[PDB]
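Engineer: Provided herewith: run.txt, compact mmCIF, C-alpha atoms and all ligand atoms.
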# COMPACT_ATOMS: atom_id res chain seq x y z
CA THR A 17 -14.15 23.22 5.91
CA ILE A 18 -10.84 21.47 6.52
CA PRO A 19 -9.96 20.84 10.18
CA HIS A 20 -6.97 22.57 11.75
CA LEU A 21 -4.92 20.58 14.24
CA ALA A 22 -2.08 21.54 16.60
CA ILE A 23 -0.42 18.10 16.47
CA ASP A 24 3.29 18.38 15.73
CA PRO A 25 4.20 15.19 13.81
CA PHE A 26 7.91 16.02 14.28
CA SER A 27 7.86 16.28 18.08
CA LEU A 28 9.60 13.76 20.32
CA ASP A 29 6.31 12.95 22.04
CA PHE A 30 4.82 12.05 18.65
CA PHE A 31 7.82 9.86 17.72
CA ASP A 32 7.54 8.15 21.12
CA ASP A 33 4.08 6.83 20.24
CA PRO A 34 2.63 8.14 16.96
CA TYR A 35 -0.29 5.78 16.55
CA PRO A 36 -3.01 7.57 18.60
CA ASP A 37 -2.22 10.92 16.96
CA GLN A 38 -2.21 9.23 13.53
CA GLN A 39 -5.76 8.00 14.18
CA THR A 40 -6.73 11.54 15.17
CA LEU A 41 -5.19 12.83 11.91
CA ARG A 42 -7.02 10.16 9.86
CA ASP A 43 -10.38 10.59 11.57
CA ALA A 44 -10.42 14.40 11.52
CA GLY A 45 -10.92 14.27 7.76
CA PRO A 46 -9.35 13.28 4.45
CA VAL A 47 -7.34 16.53 4.43
CA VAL A 48 -6.16 18.37 7.53
CA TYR A 49 -4.21 21.57 8.11
CA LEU A 50 -1.30 21.43 10.56
CA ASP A 51 -1.13 24.89 12.16
CA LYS A 52 2.27 24.15 13.76
CA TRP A 53 4.06 24.17 10.38
CA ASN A 54 1.48 25.69 7.96
CA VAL A 55 1.16 22.57 5.80
CA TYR A 56 -1.63 20.35 4.62
CA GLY A 57 -1.69 16.76 5.83
CA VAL A 58 -3.13 13.52 4.49
CA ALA A 59 -3.01 10.48 6.79
CA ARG A 60 -5.48 8.00 5.23
CA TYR A 61 -4.36 5.44 2.66
CA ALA A 62 -6.63 6.78 -0.10
CA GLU A 63 -5.34 10.37 -0.15
CA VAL A 64 -1.71 9.37 0.50
CA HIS A 65 -1.91 6.98 -2.43
CA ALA A 66 -3.66 9.59 -4.61
CA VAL A 67 -1.06 12.28 -3.87
CA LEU A 68 1.86 9.93 -4.54
CA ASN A 69 0.37 8.97 -7.90
CA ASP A 70 -0.25 12.54 -9.13
CA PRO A 71 3.32 13.87 -9.49
CA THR A 72 2.34 16.65 -11.92
CA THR A 73 0.12 18.29 -9.29
CA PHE A 74 2.03 17.19 -6.17
CA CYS A 75 5.57 17.76 -7.34
CA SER A 76 8.95 16.84 -5.82
CA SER A 77 11.25 19.42 -7.45
CA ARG A 78 10.38 22.05 -4.82
CA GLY A 79 11.64 19.64 -2.14
CA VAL A 80 10.14 16.61 -0.40
CA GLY A 81 10.88 18.06 3.02
CA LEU A 82 9.25 21.05 4.66
CA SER A 83 11.45 23.60 2.89
CA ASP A 84 10.13 24.89 -0.45
CA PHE A 85 13.06 25.22 -2.84
CA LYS A 86 11.29 28.16 -4.52
CA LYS A 87 11.52 30.08 -1.20
CA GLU A 88 14.74 28.75 0.40
CA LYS A 89 18.05 27.34 -0.81
CA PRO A 90 18.26 23.56 -0.31
CA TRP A 91 20.76 22.58 2.36
CA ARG A 92 22.60 20.45 -0.25
CA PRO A 93 22.33 20.39 -4.05
CA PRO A 94 19.03 18.75 -5.03
CA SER A 95 18.93 15.02 -5.60
CA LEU A 96 18.70 14.35 -9.33
CA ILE A 97 16.05 11.69 -8.68
CA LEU A 98 14.26 12.28 -5.37
CA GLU A 99 13.97 16.04 -5.87
CA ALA A 100 13.23 16.05 -9.61
CA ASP A 101 10.00 15.75 -11.56
CA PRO A 102 9.33 14.05 -14.89
CA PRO A 103 10.69 14.48 -17.48
CA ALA A 104 14.05 15.42 -15.86
CA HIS A 105 13.48 12.62 -13.32
CA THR A 106 12.97 9.99 -15.97
CA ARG A 107 16.37 9.07 -17.38
CA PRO A 108 18.36 9.30 -14.11
CA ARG A 109 15.66 7.07 -12.62
CA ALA A 110 16.16 4.57 -15.45
CA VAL A 111 19.91 4.48 -14.83
CA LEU A 112 19.43 3.78 -11.11
CA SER A 113 16.79 1.15 -11.96
CA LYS A 114 19.28 -0.64 -14.22
CA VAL A 115 22.16 -0.31 -11.74
CA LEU A 116 19.96 -1.91 -9.04
CA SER A 117 18.28 -4.30 -11.49
CA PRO A 118 16.99 -7.86 -11.09
CA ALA A 119 20.16 -8.98 -12.90
CA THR A 120 22.25 -7.13 -10.32
CA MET A 121 20.26 -8.75 -7.50
CA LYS A 122 20.91 -12.16 -9.05
CA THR A 123 24.64 -11.47 -9.15
CA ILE A 124 24.82 -10.50 -5.45
CA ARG A 125 22.14 -12.68 -3.80
CA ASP A 126 24.28 -15.71 -2.91
CA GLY A 127 26.90 -13.52 -1.22
CA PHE A 128 24.25 -11.50 0.63
CA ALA A 129 22.65 -14.73 1.85
CA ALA A 130 25.97 -16.21 2.98
CA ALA A 131 26.73 -13.02 4.93
CA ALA A 132 23.31 -13.17 6.60
CA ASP A 133 23.79 -16.82 7.57
CA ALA A 134 27.28 -16.05 8.88
CA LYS A 135 26.05 -13.10 10.95
CA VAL A 136 23.31 -15.16 12.59
CA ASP A 137 25.78 -18.00 13.25
CA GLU A 138 28.16 -15.50 14.87
CA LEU A 139 25.37 -13.94 16.93
CA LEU A 140 24.24 -17.37 18.15
CA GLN A 141 27.73 -17.94 19.57
CA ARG A 142 27.25 -14.87 21.78
CA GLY A 143 23.61 -15.55 22.73
CA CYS A 144 22.69 -12.16 24.22
CA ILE A 145 23.16 -9.43 21.63
CA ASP A 146 21.92 -5.99 20.66
CA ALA A 147 19.67 -6.65 17.66
CA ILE A 148 20.29 -3.10 16.40
CA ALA A 149 24.08 -2.56 16.58
CA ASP A 150 24.97 -6.24 16.26
CA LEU A 151 22.38 -7.30 13.68
CA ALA A 152 20.19 -4.66 12.04
CA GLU A 153 23.21 -2.35 11.61
CA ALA A 154 26.01 -4.90 11.41
CA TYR A 155 24.50 -6.97 8.62
CA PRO A 156 23.73 -4.18 6.08
CA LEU A 157 27.10 -2.65 6.92
CA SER A 158 28.68 -6.01 6.04
CA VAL A 159 27.18 -6.21 2.51
CA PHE A 160 26.00 -2.83 1.20
CA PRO A 161 29.20 -0.71 1.38
CA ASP A 162 31.09 -3.50 -0.41
CA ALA A 163 28.32 -3.76 -3.03
CA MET A 164 28.65 0.01 -3.51
CA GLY A 165 32.38 -0.40 -4.06
CA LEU A 166 33.40 1.83 -1.14
CA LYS A 167 36.84 1.63 0.38
CA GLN A 168 37.11 0.49 3.99
CA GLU A 169 38.21 3.81 5.50
CA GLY A 170 35.55 6.35 6.47
CA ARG A 171 32.51 4.05 6.48
CA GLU A 172 31.62 5.32 9.97
CA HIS A 173 30.24 8.39 8.16
CA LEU A 174 27.54 6.49 6.26
CA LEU A 175 24.86 6.12 8.92
CA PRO A 176 25.42 9.66 10.31
CA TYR A 177 25.20 11.18 6.83
CA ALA A 178 21.99 9.28 6.15
CA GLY A 179 20.47 10.38 9.46
CA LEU A 180 21.39 13.96 8.56
CA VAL A 181 19.59 13.74 5.20
CA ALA A 182 16.50 12.30 6.88
CA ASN A 183 16.51 14.91 9.64
CA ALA A 184 16.95 17.67 7.04
CA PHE A 185 13.61 16.79 5.40
CA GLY A 186 11.95 17.88 8.63
CA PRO A 187 11.07 21.31 9.94
CA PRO A 188 13.68 23.63 11.48
CA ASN A 189 13.49 22.04 14.93
CA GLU A 190 16.40 21.00 17.17
CA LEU A 191 16.85 17.60 15.50
CA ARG A 192 17.35 19.37 12.18
CA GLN A 193 19.51 22.19 13.54
CA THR A 194 21.81 19.80 15.39
CA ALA A 195 22.15 17.49 12.38
CA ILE A 196 23.21 20.35 10.11
CA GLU A 197 25.64 21.64 12.75
CA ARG A 198 27.39 18.24 12.80
CA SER A 199 27.23 17.63 9.05
CA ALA A 200 30.54 18.81 7.61
CA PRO A 201 32.77 15.72 8.14
CA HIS A 202 30.04 13.29 7.04
CA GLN A 203 29.20 15.38 3.97
CA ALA A 204 32.89 15.73 3.03
CA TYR A 205 33.35 11.96 3.14
CA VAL A 206 30.19 11.16 1.18
CA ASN A 207 30.82 13.68 -1.58
CA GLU A 208 34.40 12.47 -2.04
CA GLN A 209 33.38 8.80 -2.35
CA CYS A 210 31.02 9.81 -5.18
CA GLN A 211 33.96 10.43 -7.53
CA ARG A 212 34.68 7.71 -10.09
CA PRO A 213 38.23 6.71 -8.96
CA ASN A 214 36.91 5.96 -5.46
CA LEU A 215 34.32 3.32 -6.45
CA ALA A 216 35.62 -0.22 -6.87
CA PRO A 217 35.09 -2.06 -10.19
CA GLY A 218 31.76 -3.81 -10.67
CA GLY A 219 29.99 -2.18 -7.71
CA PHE A 220 26.91 0.02 -7.77
CA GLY A 221 28.92 3.24 -7.85
CA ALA A 222 31.18 2.18 -10.71
CA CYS A 223 28.15 1.06 -12.69
CA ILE A 224 26.54 4.50 -12.35
CA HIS A 225 29.71 6.13 -13.68
CA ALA A 226 29.76 3.57 -16.52
CA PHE A 227 26.19 4.55 -17.48
CA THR A 228 27.24 8.09 -18.47
CA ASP A 229 27.41 7.71 -22.27
CA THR A 230 23.90 6.60 -23.33
CA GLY A 231 22.18 9.97 -23.43
CA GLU A 232 20.46 9.22 -20.10
CA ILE A 233 22.93 10.96 -17.74
CA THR A 234 26.21 12.82 -18.19
CA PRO A 235 29.52 12.25 -16.36
CA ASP A 236 28.92 15.28 -14.15
CA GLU A 237 25.60 13.81 -12.97
CA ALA A 238 27.05 10.50 -11.81
CA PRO A 239 28.50 11.80 -8.49
CA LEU A 240 25.08 13.02 -7.33
CA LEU A 241 23.45 9.75 -8.34
CA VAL A 242 26.04 7.87 -6.30
CA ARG A 243 25.18 10.32 -3.52
CA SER A 244 21.56 9.15 -3.69
CA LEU A 245 22.60 5.57 -2.99
CA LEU A 246 24.91 6.69 -0.18
CA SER A 247 22.11 8.83 1.30
CA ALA A 248 19.37 6.22 1.13
CA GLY A 249 21.01 2.83 0.88
CA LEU A 250 21.51 1.84 4.53
CA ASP A 251 19.60 3.37 7.40
CA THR A 252 16.06 2.43 6.38
CA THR A 253 17.20 -1.14 5.72
CA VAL A 254 18.70 -1.13 9.22
CA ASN A 255 15.43 0.18 10.66
CA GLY A 256 13.37 -2.33 8.69
CA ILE A 257 15.44 -5.31 9.78
CA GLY A 258 15.41 -4.08 13.38
CA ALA A 259 11.64 -3.69 13.11
CA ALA A 260 11.25 -7.24 11.83
CA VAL A 261 13.31 -8.58 14.73
CA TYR A 262 11.30 -6.44 17.16
CA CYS A 263 8.09 -7.86 15.66
CA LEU A 264 9.36 -11.44 15.85
CA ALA A 265 10.34 -10.82 19.48
CA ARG A 266 7.00 -9.25 20.39
CA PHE A 267 4.82 -11.73 18.46
CA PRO A 268 6.40 -15.16 19.02
CA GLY A 269 3.50 -16.85 17.24
CA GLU A 270 4.77 -15.26 14.05
CA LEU A 271 8.32 -16.43 14.63
CA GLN A 272 6.82 -19.89 15.06
CA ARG A 273 5.06 -19.62 11.70
CA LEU A 274 8.19 -18.27 10.01
CA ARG A 275 10.30 -21.12 11.39
CA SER A 276 7.76 -23.62 10.09
CA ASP A 277 7.99 -22.12 6.58
CA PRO A 278 11.15 -20.11 5.84
CA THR A 279 9.74 -19.18 2.42
CA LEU A 280 7.63 -16.65 4.33
CA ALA A 281 10.87 -14.71 4.96
CA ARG A 282 10.36 -12.20 2.16
CA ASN A 283 6.76 -11.40 3.12
CA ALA A 284 7.63 -11.32 6.82
CA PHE A 285 10.06 -8.50 6.01
CA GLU A 286 7.58 -6.74 3.73
CA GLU A 287 5.04 -6.86 6.55
CA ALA A 288 7.62 -5.38 8.91
CA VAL A 289 8.08 -2.50 6.47
CA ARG A 290 4.32 -1.94 6.47
CA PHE A 291 4.07 -2.33 10.25
CA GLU A 292 6.89 0.00 11.28
CA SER A 293 7.30 2.09 8.06
CA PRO A 294 10.97 3.13 8.32
CA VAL A 295 10.12 6.25 6.31
CA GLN A 296 7.18 7.78 8.19
CA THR A 297 6.56 10.87 6.05
CA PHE A 298 7.39 12.66 2.83
CA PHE A 299 6.22 16.04 1.52
CA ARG A 300 5.02 17.27 -1.86
CA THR A 301 4.42 20.80 -3.15
CA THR A 302 1.34 21.76 -5.17
CA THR A 303 2.00 23.17 -8.66
CA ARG A 304 -1.61 24.26 -9.27
CA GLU A 305 -4.86 24.71 -7.39
CA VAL A 306 -6.26 21.22 -6.77
CA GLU A 307 -9.29 19.53 -5.21
CA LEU A 308 -8.35 16.73 -2.82
CA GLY A 309 -10.73 15.06 -0.37
CA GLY A 310 -13.34 17.77 -0.87
CA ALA A 311 -10.67 20.37 -0.04
CA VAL A 312 -9.37 23.12 -2.32
CA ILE A 313 -5.59 23.46 -1.94
CA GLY A 314 -3.92 26.42 -3.58
CA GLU A 315 -0.72 26.49 -5.60
CA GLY A 316 2.61 26.40 -3.80
CA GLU A 317 1.39 24.56 -0.69
CA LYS A 318 3.24 21.82 1.14
CA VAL A 319 1.38 18.54 1.57
CA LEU A 320 2.64 16.14 4.23
CA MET A 321 1.97 12.46 3.49
CA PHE A 322 1.81 10.09 6.46
CA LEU A 323 3.10 6.84 4.97
CA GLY A 324 3.13 5.01 8.30
CA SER A 325 -0.45 6.06 9.02
CA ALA A 326 -1.56 5.06 5.53
CA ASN A 327 -0.03 1.64 6.23
CA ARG A 328 -2.17 1.32 9.39
CA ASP A 329 -5.42 2.81 8.04
CA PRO A 330 -8.34 0.48 8.93
CA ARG A 331 -10.12 1.79 5.82
CA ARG A 332 -7.54 -0.17 3.81
CA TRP A 333 -6.20 -2.89 6.14
CA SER A 334 -7.80 -5.61 8.24
CA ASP A 335 -6.33 -5.56 11.76
CA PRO A 336 -3.69 -3.02 10.67
CA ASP A 337 -2.09 -2.98 14.12
CA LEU A 338 -1.30 -6.72 14.00
CA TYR A 339 1.95 -8.13 12.60
CA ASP A 340 0.86 -10.84 10.14
CA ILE A 341 3.59 -12.47 8.03
CA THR A 342 1.02 -14.01 5.66
CA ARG A 343 -0.85 -10.72 5.10
CA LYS A 344 -1.34 -9.63 1.51
CA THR A 345 1.12 -6.73 1.78
CA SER A 346 0.85 -5.59 -1.86
CA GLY A 347 -0.05 -1.93 -2.08
CA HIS A 348 1.49 -0.72 1.17
CA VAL A 349 3.27 2.62 0.76
CA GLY A 350 6.34 2.02 2.94
CA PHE A 351 8.39 2.31 -0.28
CA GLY A 352 6.12 4.98 -1.71
CA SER A 353 4.03 4.52 -4.83
CA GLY A 354 4.24 5.60 -8.43
CA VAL A 355 7.15 7.08 -10.34
CA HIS A 356 9.37 7.74 -7.29
CA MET A 357 8.62 4.37 -5.65
CA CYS A 358 11.86 3.36 -3.93
CA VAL A 359 14.37 2.54 -6.66
CA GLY A 360 16.42 0.59 -4.11
CA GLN A 361 13.55 -1.55 -2.83
CA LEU A 362 14.99 -4.70 -4.41
CA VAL A 363 18.20 -4.21 -2.41
CA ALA A 364 16.35 -3.62 0.87
CA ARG A 365 14.03 -6.58 0.30
CA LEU A 366 16.91 -8.87 -0.62
CA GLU A 367 18.77 -8.00 2.61
CA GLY A 368 15.64 -8.26 4.75
CA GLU A 369 14.57 -11.56 3.18
CA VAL A 370 17.90 -13.32 3.57
CA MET A 371 18.32 -12.09 7.14
CA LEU A 372 14.85 -13.30 8.09
CA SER A 373 15.62 -16.56 6.27
CA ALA A 374 18.75 -17.07 8.36
CA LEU A 375 16.74 -16.39 11.53
CA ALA A 376 13.94 -18.71 10.38
CA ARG A 377 16.36 -21.61 9.91
CA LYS A 378 18.76 -21.06 12.80
CA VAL A 379 16.86 -19.48 15.72
CA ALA A 380 14.20 -21.03 17.96
CA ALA A 381 13.40 -18.05 20.17
CA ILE A 382 14.03 -14.31 20.27
CA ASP A 383 13.47 -12.88 23.75
CA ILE A 384 13.82 -9.20 24.60
CA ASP A 385 16.09 -9.10 27.62
CA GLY A 386 16.88 -5.44 28.15
CA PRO A 387 15.50 -1.92 27.85
CA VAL A 388 14.36 -1.14 24.30
CA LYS A 389 15.52 2.34 23.22
CA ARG A 390 13.97 4.38 20.40
CA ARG A 391 15.98 6.30 17.79
CA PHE A 392 14.53 9.75 17.04
CA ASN A 393 14.62 11.28 13.57
CA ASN A 394 12.37 13.81 11.85
CA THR A 395 11.34 11.37 9.12
CA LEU A 396 12.60 7.88 10.08
CA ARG A 397 11.16 5.45 12.61
CA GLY A 398 13.54 2.94 14.15
CA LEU A 399 15.14 1.63 17.31
CA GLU A 400 18.41 2.65 18.91
CA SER A 401 18.86 -0.51 21.00
CA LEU A 402 17.11 -3.90 21.03
CA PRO A 403 18.68 -6.27 23.59
CA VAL A 404 17.67 -9.84 22.78
CA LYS A 405 18.61 -13.35 23.74
CA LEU A 406 18.84 -15.65 20.71
CA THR A 407 18.16 -19.32 21.33
CA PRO A 408 19.51 -21.70 18.68
CA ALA A 409 17.26 -24.10 16.80
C1 LIG A 501 13.28 -0.64 4.00
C2 LIG A 501 14.13 0.15 3.34
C3 LIG A 501 13.67 1.38 2.53
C4 LIG A 501 12.56 2.13 2.66
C5 LIG A 501 11.41 2.00 3.68
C6 LIG A 501 12.59 3.16 1.64
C7 LIG A 501 11.64 4.13 1.43
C8 LIG A 501 11.56 4.94 0.31
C9 LIG A 501 10.42 5.75 -0.07
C10 LIG A 501 9.11 5.84 0.74
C11 LIG A 501 10.71 6.38 -1.22
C12 LIG A 501 9.80 7.34 -2.04
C13 LIG A 501 10.29 8.79 -2.06
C14 LIG A 501 9.20 9.73 -2.55
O1 LIG A 501 8.10 9.25 -2.91
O2 LIG A 501 9.43 10.97 -2.55
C15 LIG A 501 12.06 5.99 -1.60
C16 LIG A 501 12.74 6.44 -2.71
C17 LIG A 501 14.07 6.19 -2.97
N1 LIG A 501 14.84 5.26 -2.31
FE1 LIG A 501 14.29 4.08 -0.75
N2 LIG A 501 13.74 3.00 0.90
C18 LIG A 501 14.44 1.92 1.41
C19 LIG A 501 15.64 1.42 0.95
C20 LIG A 501 16.42 1.99 -0.04
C21 LIG A 501 17.69 1.50 -0.52
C22 LIG A 501 18.37 0.22 0.01
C23 LIG A 501 18.12 2.36 -1.47
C24 LIG A 501 19.41 2.31 -2.33
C25 LIG A 501 20.10 1.18 -2.54
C26 LIG A 501 17.12 3.41 -1.61
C27 LIG A 501 17.17 4.49 -2.48
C28 LIG A 501 16.11 5.30 -2.84
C29 LIG A 501 16.12 6.32 -3.86
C30 LIG A 501 17.36 6.70 -4.69
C31 LIG A 501 14.90 6.86 -3.94
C32 LIG A 501 14.43 7.99 -4.90
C33 LIG A 501 13.74 7.32 -6.11
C34 LIG A 501 12.99 8.32 -6.97
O3 LIG A 501 12.79 9.48 -6.52
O4 LIG A 501 12.59 7.94 -8.11
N3 LIG A 501 16.10 3.15 -0.73
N4 LIG A 501 12.55 5.12 -0.64
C1 LIG A 502 14.74 8.81 2.47
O1 LIG A 502 14.73 8.34 1.15
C2 LIG A 502 15.65 8.96 0.31
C3 LIG A 502 15.53 8.78 -1.06
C4 LIG A 502 16.44 9.40 -1.90
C5 LIG A 502 17.46 10.18 -1.37
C6 LIG A 502 18.44 10.86 -2.32
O2 LIG A 502 18.21 10.81 -3.56
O3 LIG A 502 19.44 11.46 -1.86
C7 LIG A 502 17.58 10.36 -0.01
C8 LIG A 502 16.67 9.74 0.83
CL CL A 503 25.28 16.83 1.41
What would the structure in this file look like if it were written as structure tokens?
Structural biologist:
Amino acid sequence: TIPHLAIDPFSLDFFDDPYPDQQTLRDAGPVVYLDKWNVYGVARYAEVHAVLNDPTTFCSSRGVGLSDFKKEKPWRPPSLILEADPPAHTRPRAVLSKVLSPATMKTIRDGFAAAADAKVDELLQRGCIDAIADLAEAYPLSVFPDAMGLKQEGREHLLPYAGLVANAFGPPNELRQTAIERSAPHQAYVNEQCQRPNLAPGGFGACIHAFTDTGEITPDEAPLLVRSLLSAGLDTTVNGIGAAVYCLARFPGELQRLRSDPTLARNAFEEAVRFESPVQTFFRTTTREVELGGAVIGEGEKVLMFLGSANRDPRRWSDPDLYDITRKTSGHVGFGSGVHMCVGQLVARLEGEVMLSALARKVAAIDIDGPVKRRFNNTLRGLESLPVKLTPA
């Protein structure tokens, strides 16, 4: 009934160009079986969206990577939000929602925007820059650790720790083995910064620790909730901003439209998230026998969701392989969907919007002028190097 495929969605050849294999996964059927890892797969928008929005059947508390926490010990203590189901998910989620609230975004937006404008101004003085290291990485590193309340020392551990977490969702391949081998110094830094004395007043971390008296979370849960923001709060924003710059460099007609109307900045970033989906995949585990796409999936099975493929599914999107900054992006699953939908999405969108706004106002052309290098990770898509020449407006 359900087709079996030998495609390894965690192989370097797949990461190098995933789009043809994603069509093969979509067109084989609504539900596929991936013999390489003994998991079910869904690559069309409909089933990906359905799975995301049925958390009681497709649970997260047995892990959202390949490993099933009922069979293997997690490599680190489970996230209290990502790797929890309702009802235990619910109140920690509320605390993170309030810490990263619209009111919080309003407090920090002017400073985030000034830092974006300053970065672009600085980059225009140099002309030829690496849009990853010098822009997509440098800008989030210039705002988010300070907004967390982190000290200056040790911040070089943030991106490595985040890449470790993302690689550890994958199967036990070399990317995962090597990440875990190298983990100890990054993990030691991150866990220490999660303690209350180490988070500056008013920042995201301090506000989590201040939220420990309402009956929603306890003081001993605050360090792991800070850990969630330190795990997730940087590298996908980096990849999304780098993707937007890549798209504006590859599709100059869209940079021309963005320049003509800088209010398209927010949707231009949202479209970049759909187009390049910084998080390519997440898993769920079935809690019961379930019918999905005409298939009967037993209890205790891993289901791999292809978010990036769902965001390029022609069953859902017109011209899905075109970058269109005026596209109606609502409903894309680059941030997930449902109760786990990215609690930090307002932070990522704020950073992406104000960076693209600075580019829209200050830059006339973005020309690739060197070899583009891909960054490989079991669950993240992104670039390692993006040499561009920036021409001032
Ligand atoms: C473009 C940037 C980002 C992308 C593409 C992204 C992607 C995602 C996705 C797809 C999920 C759903 C997980 C699931 O369904 O199992 C998620 C959840 C989450 N994200 Fe993000 N994210 C981004 C930025 C951020 C930022 C900036 C933060 C923190 C400031 C963050 C923190 C979290 C957390 C804590 C969760 C777990 C929420 C829950 O389980 O209820 N993310 N993210
Ligand atoms: C990749 O997205 C996430 C989301 C949450 C967490 C976490 O809660 O630690 C890590 C990565
Ligand atoms: Cl850890």
Engineer: Measuring between all atoms listed in the file, which one of A:363, A:331, A:67, A:370 shows the shortest distance to residue 119 (chain A)?
Structural biologist: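 Closest to residue 119 (chain A) of all the choices is A:363.
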Engineer: How close does region 278-352 of chain A get to region 46-54 of chain A? List, as a tab-separated table, each residue of region 278-352 of chain A within 9 Å, its nearest atom pair and the distance in Å to one decimal, counting only C-alpha atoms.
Structural biologist:
residue	atom	partner	partner_atom	distance
A:308	CA	A:47	CA	7.3
A:309	CA	A:46	CA	5.3
A:310	CA	A:46	CA	8.0
A:311	CA	A:47	CA	6.8
A:317	CA	A:54	CA	8.7
A:318	CA	A:54	CA	8.0
Engineer: Quick one: everything within 10 Å of region 69-76 of chain A, counting all atoms listed in the file, minus sequence neighbours fewer than 5 positions away in the same chain. Send it as JSON, numbers by chain.
Structural biologist: {"A": [63, 64, 81, 84, 85, 97, 98, 99, 100, 101, 102, 105, 298, 299, 300, 301, 302, 303, 304, 305, 306, 315, 316, 317, 318, 319, 352, 353, 354, 355, 356, 357]}
Engineer: Which polymer residues have any atom within 9 Å of an atom of region 162-177 of chain A, counting all atoms listed in the file, with same-chain residues fewer than 4 positions away left out, as an mmCIF file with C-alpha atoms, in the frame of the given file?
Structural biologist:
data_model
loop_
_atom_site.group_PDB
_atom_site.id
_atom_site.type_symbol
_atom_site.label_atom_id
_atom_site.label_comp_id
_atom_site.auth_asym_id
_atom_site.auth_seq_id
_atom_site.Cartn_x
_atom_site.Cartn_y
_atom_site.Cartn_z
ATOM 1 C CA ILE A 124 24.820 -10.500 -5.450
ATOM 2 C CA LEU A 157 27.100 -2.650 6.920
ATOM 3 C CA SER A 158 28.680 -6.010 6.040
ATOM 4 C CA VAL A 181 19.590 13.740 5.200
ATOM 5 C CA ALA A 182 16.500 12.300 6.880
ATOM 6 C CA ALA A 195 22.150 17.490 12.380
ATOM 7 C CA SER A 199 27.230 17.630 9.050
ATOM 8 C CA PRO A 201 32.770 15.720 8.140
ATOM 9 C CA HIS A 202 30.040 13.290 7.040
ATOM 10 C CA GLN A 203 29.200 15.380 3.970
ATOM 11 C CA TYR A 205 33.350 11.960 3.140
ATOM 12 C CA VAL A 206 30.190 11.160 1.180
ATOM 13 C CA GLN A 209 33.380 8.800 -2.350
ATOM 14 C CA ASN A 214 36.910 5.960 -5.460
ATOM 15 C CA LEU A 215 34.320 3.320 -6.450
ATOM 16 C CA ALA A 216 35.620 -0.220 -6.870
ATOM 17 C CA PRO A 217 35.090 -2.060 -10.190
ATOM 18 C CA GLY A 218 31.760 -3.810 -10.670
ATOM 19 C CA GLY A 219 29.990 -2.180 -7.710
ATOM 20 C CA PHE A 220 26.910 0.020 -7.770
ATOM 21 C CA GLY A 221 28.920 3.240 -7.850
ATOM 22 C CA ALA A 222 31.180 2.180 -10.710
ATOM 23 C CA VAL A 242 26.040 7.870 -6.300
ATOM 24 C CA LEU A 245 22.600 5.570 -2.990
ATOM 25 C CA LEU A 246 24.910 6.690 -0.180
ATOM 26 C CA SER A 247 22.110 8.830 1.300
ATOM 27 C CA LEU A 250 21.510 1.840 4.530
ATOM 28 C CA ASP A 251 19.600 3.370 7.400
#
Engineer: Restricting the calculation to all atoms listed in the file, which member of A:269, A:408, A:258, A:235 is positioned closest to residue 338 (chain A)?
Structural biologist: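 Checking each candidate against residue 338 (chain A), we get A:269 as the closest.
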Engineer: Taking into account all atoms listed in the file, which residue in the set A:239, A:278, A:256, A:249 is nearest to ligand LIG 502 (chain A)?
Structural biologist: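 That would be A:249, the residue with the smallest distance to ligand LIG 502 (chain A).
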Engineer: Using all atoms listed in the file, which residues sit within 8 Å of region 322-329 of chain A once same-chain residues fewer than 3 positions away are excluded, as a list in words?
Structural biologist: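 In the requested format, the answer is residues 35, 38, 39, 42, 57, 58, 59, 60, 61, 62, 64, 290, 291, 292, 293, 295, 296, 297, 298, 332, 333, 336, 337, 348, 349, 350 and 352 of chain A.
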Engineer: What is the distance between CA of residue 320 (chain A) and CA of residue 188 (chain A), in Å to one decimal?
Structural biologist: 15.2 Å
Engineer: Could you give me, as a short mmCIF file (atom, residue, chain, number, x, y, z; two decimals) with C-alpha atoms, in the frame of the given file, the residues within 12 Å of residue 126 (chain A), counting all atoms listed in the file and dropping anything in the same chain fewer than 5 positions from it?
Structural biologist:
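Resulting contents of result_1.cif:
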data_model
loop_
_atom_site.label_atom_id
_atom_site.label_comp_id
_atom_site.auth_asym_id
_atom_site.auth_seq_id
_atom_site.Cartn_x
_atom_site.Cartn_y
_atom_site.Cartn_z
CA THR A 120 22.25 -7.13 -10.32
CA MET A 121 20.26 -8.75 -7.50
CA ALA A 131 26.73 -13.02 4.93
CA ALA A 132 23.31 -13.17 6.60
CA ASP A 133 23.79 -16.82 7.57
CA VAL A 159 27.18 -6.21 2.51
CA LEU A 366 16.91 -8.87 -0.62
CA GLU A 367 18.77 -8.00 2.61
CA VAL A 370 17.90 -13.32 3.57
#
Engineer: Measuring between all atoms listed in the file, which one of A:254, A:44, A:136, A:313 shows the shortest distance to ligand LIG 501 (chain A)?
Structural biologist: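 Result for the nearest residue to ligand LIG 501 (chain A): A:254.
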Engineer: Can you work out which one of A:339, A:358, A:96, A:33 has the shortest atom-to-atom distance to residue 236 (chain A), counting all atoms listed in the file?
Structural biologist: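 Of the candidates, the smallest distance to residue 236 (chain A) is held by A:96.
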Engineer: Determine, counting all atoms listed in the file, every residue of protein, DNA or RNA that lies within 10 Å of (13.7, -9.0, 28.0) in the file coordinates, then give the result as a list in words.
Structural biologist: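 Every polymer residue passing the test: residues 265, 382, 383, 384, 385, 386, 387, 388, 402, 403, 404 and 405 of chain A.
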Engineer: Hey, which of A:106, A:244, A:234, A:346 ends up closest to ligand CL 503 (chain A)? Count all atoms listed in the file.
Structural biologist: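 Nearest to ligand CL 503 (chain A): A:244.
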